[PDB]
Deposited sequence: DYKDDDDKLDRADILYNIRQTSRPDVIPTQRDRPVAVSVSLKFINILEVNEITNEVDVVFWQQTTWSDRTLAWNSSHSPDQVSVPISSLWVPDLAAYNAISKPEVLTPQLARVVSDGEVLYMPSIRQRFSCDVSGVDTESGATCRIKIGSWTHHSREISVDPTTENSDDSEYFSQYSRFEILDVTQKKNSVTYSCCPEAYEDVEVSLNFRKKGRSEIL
């Protein structure tokens, strides 16, 4: 409940309870079903676009949510959420398939845990990608796709789930402007292994101002 959110001892006790119960290295599968992970990229900036190399340098807020109901507690007289270092938590092992630089995390590495077991982790990331930059100087713009999913968990273990112009988020001072952002679910079988991986394809349709 709101009134108790700022009760420090309660917050300390919740963090203790979460660290007691959390298994940071085991997927939080419940009821023999895959962990349902939702990913939403809020684009903040498009910093460099190279039409010769088909590369983009971007900043996005990666809103990542899933549940671990073993973390839940009765918050009828305690805080409903706390901030938790992600090192204390399991986090989905997401990777961007067409990323060509390491992800630069620009923000404090803390997640929110809600008393119903919901977890929210939303880092600001700067990262470079190989994608189709063709058309960026035209009115219809370019469409750059970013493909994200679990790097080591197949669809039986983790599933990823997905039409905005990101007006609340995207920098008005970018040389570029966003026309549309859409996400589509993807299921892929790769050469290495017989089971499929789920991914989200995020399509960033943008153009130079």
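J.: Where does the structure fail to cover the deposited sequence at the C-alpha level?
T.: Unmodelled stretches: 163-165, 213-218.
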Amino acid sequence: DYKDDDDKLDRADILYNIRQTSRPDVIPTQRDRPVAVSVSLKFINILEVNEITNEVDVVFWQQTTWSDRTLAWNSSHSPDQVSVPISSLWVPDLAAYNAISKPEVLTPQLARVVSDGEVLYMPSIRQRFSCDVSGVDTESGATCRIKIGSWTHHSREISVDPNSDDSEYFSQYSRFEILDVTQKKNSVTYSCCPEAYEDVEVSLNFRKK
From here on, numbers count along this sequence of modelled residues.
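The term rigid core refers to the most C-alpha atoms you can superpose between the two forms while keeping them within 1.5 Å.
J.: May I ask which stretch, 23-31 or 172-180, sits farther from the shown form in 7 other deposited structures of this protein once every structure is superposed on the core, judging by RMS CA distance?
T.: Per-stretch check in 7 other deposited structures of this protein: the more divergent one is 23-31.
J.: Hey, after superposing on the core, which one moves around more in 7 other deposited structures of this protein, 131-139 or 91-99, CA-wise?
T.: With the rigid core superposed, the C-alphas that lie farther in 7 other deposited structures of this protein are those of 131-139.
J.: Would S67 be found without coordinates in at least a third of the other compared entries?
T.: Across the compared entries, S67 is modelled every time.
J.: When the other entries of this protein are compared, is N163 unmodelled in at least a third of them?
T.: Yes, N163 lacks coordinates in at least a third of the other compared entries that model both of its neighbours.
J.: Given the B-factors recorded for C-alpha atoms, which segment has the greater mean, 189-197 or 20-28?
T.: Looking at the record's C-alpha B-factors, the answer is 189-197.
J.: Averaging C-alpha B-factors over each stretch, which comes out higher, 135-143 or 114-122?
T.: If you average the C-alpha B-factors of 135-143 and of 114-122, the larger mean comes out for 135-143.
J.: According to the Cα B-factor stored in this entry, which of the following is highest: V181, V37, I44, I148?
T.: The C-alpha B-factor peaks, among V181, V37, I44, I148, at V181.
J.: When you compare the CA B-factors of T152, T64, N50, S155 as listed in the entry, which one comes out on top?
T.: Each of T152, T64, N50, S155 was compared by C-alpha B-factor; the highest is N50.
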